[PDB]
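Following this are structure 1 and structure 2, which are two forms of one protein chain, each written alone as structure tokens.
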Structure 1
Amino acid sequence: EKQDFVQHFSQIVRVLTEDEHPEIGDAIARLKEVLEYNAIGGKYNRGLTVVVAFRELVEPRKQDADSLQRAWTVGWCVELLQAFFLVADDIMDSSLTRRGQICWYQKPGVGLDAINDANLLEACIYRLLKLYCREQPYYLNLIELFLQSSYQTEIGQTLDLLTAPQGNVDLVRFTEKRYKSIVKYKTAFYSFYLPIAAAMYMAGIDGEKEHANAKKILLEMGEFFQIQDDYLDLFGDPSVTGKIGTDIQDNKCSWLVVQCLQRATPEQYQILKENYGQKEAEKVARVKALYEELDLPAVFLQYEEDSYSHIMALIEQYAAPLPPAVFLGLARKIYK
């Protein structure tokens, strides 16, 4: 499946860089490269989650070719939305690696121009939309689903950065209420609701009750998944995560810090207060220790299981009347 999708990336790049009024050749050529370097290289859970959902929501006699092309085109839009959020996300959290290569902003000859780059990735979404789903009765729903998805992410990011101000001892604010809302807006909405929703809309399920149903599940799915990102960020093989964890040194509000702050002793609350948020490798190495000294990685395993079950309970109560293997499939793609 993954391989058929990636095969189509070529068709989308050719639709996007065809433009060359040849007065923008250079700009187009530039664009092409930003797409290759930033859309490609990932897992493709999002882009894939849509095309697999369509098939399972649209009758075989309606899964025509055109309806297919529109299927993964919308697939790649979710990709570009990610490509966009990422490219800008790296500059902000100040990253070095993404998808096992150096961040685009870090590439010699990019730096802060990446900002316009991330912008161009956004414009490509809605450019595809107009180019395939235009004559369709869901076109305005797609668009309004992307715009409100971004704004939710963008809000969640605001929360994040707001909760982790550079050089500011901020353990006070690392509560769970916050972490949940933060992840709900910057991750759960666009990485789980968005793909499914696009599917439904494309299949004719423009319902409100339906959509709130999928949302109920998909959102809870999305919280776990970020929780996963938090862990992987610290305790995960860089060669498999294709990126380094900057959460500590970035004074982020992680599940981890929320976790450690929860079961951290008075004496242990400082080692913490003192080492979190600094860029000092040993100050940071000190943090990671306190985690390991708190048995956290096992505390993680627990949740990973208790969460799984609850999601499953959830799927077993709200999926109706959608093919349960629309959510079941997601929770095989991430809950591993």
Structure 2
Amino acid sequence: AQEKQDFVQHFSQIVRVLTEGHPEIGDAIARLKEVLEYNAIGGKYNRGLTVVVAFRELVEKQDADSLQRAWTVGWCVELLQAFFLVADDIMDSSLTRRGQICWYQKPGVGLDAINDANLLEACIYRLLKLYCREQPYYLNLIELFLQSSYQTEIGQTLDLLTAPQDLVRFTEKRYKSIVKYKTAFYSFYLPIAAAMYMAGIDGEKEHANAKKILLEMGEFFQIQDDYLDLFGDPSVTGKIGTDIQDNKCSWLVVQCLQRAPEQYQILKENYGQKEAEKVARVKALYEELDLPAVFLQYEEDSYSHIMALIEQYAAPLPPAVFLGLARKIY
């Protein structure tokens, strides 16, 4: 609830600590400052918070220090996210994000944002070392952040092969595979995995078990994001949807294609152009195949299945850690 406020207030310190007794390079550190402030503030903080919330839920040993290390690693997750978005926005030619102008679209930034994004990545490891250098799960954390990065990158590769800016490539299997690698791992496993390691919980099986739960949650959450992109109330969301315009391998086109011949063709002409003549065409076709109802039915089945997953795979972790996230996404 309000806990999010306490997490954002810790951003000040994060930036202090990453910005300093070699004065040769101050101009660069100022620039880093600006990059962090533009690019790590603005969102909803759910992934960073998840680290903190999951840490409280998972430990007994909660000294002022122990906590600080939590809001730091949370901020690391946020930093990894900023690195990806800054880079994704360039790769996509996006205009806005959070809706401010994308960092790279700022006059005088342009493609320098590639280096800025790499700096954001690097700040992860500077933080870990600053706060996470004496603890025993230090190495475990570094490895997790690196593995999460790699997965996310592989997924982005997959995405960019699948959806260069042709519908044979939009399969279920491809779609699930993009979501798992591009989104689910860093969005759902990373934050909890990280709380796990902070809380002493380092076993392969526990992590695997948690992984199984969290990737499925990830899958649903991105499917819901795709549904809501088109059929969400724009002011319950704070957006209007452009998945269709952008030739995106959305879950709605996967399912539409599974249920199309002369509607295949109708999708050819209208998926991935810019005027709401042609967005209207597909939306309305989605309505005609009852994708909303397919979605309702998926959300019901998917929830059933997450709960079965929790019953089965959670112990000896507190089910609450997984149920907290579930309540929030569903």
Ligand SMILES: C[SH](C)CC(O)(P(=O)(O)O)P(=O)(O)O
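Throughout, rigid core stands for the largest set of C-alpha atoms superposing within 1.5 Å between the two forms. Structure 1 provides the reference sequence; residues are numbered from 1 along it.
In this pair, structure 1 matches the form solved in complex with the named molecule, whereas the other structure does not.
Of the two rigid parts that describe the chain's movement between structures 1 and 2, one contains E210 and the other contains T246. This chain moves as two rigid pieces, and the smaller piece turns through 14° between structures 1 and 2.
Taking the core as reference, the Cα of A203 moves 0.3 angstrom between structures 1 and 2. Look at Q317: with the core superposed, its C-alpha moves 1.5 Å between structures 1 and 2.
Once the rigid core is matched between structures 1 and 2, the CA atom of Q302 is found 2.9 Å away.
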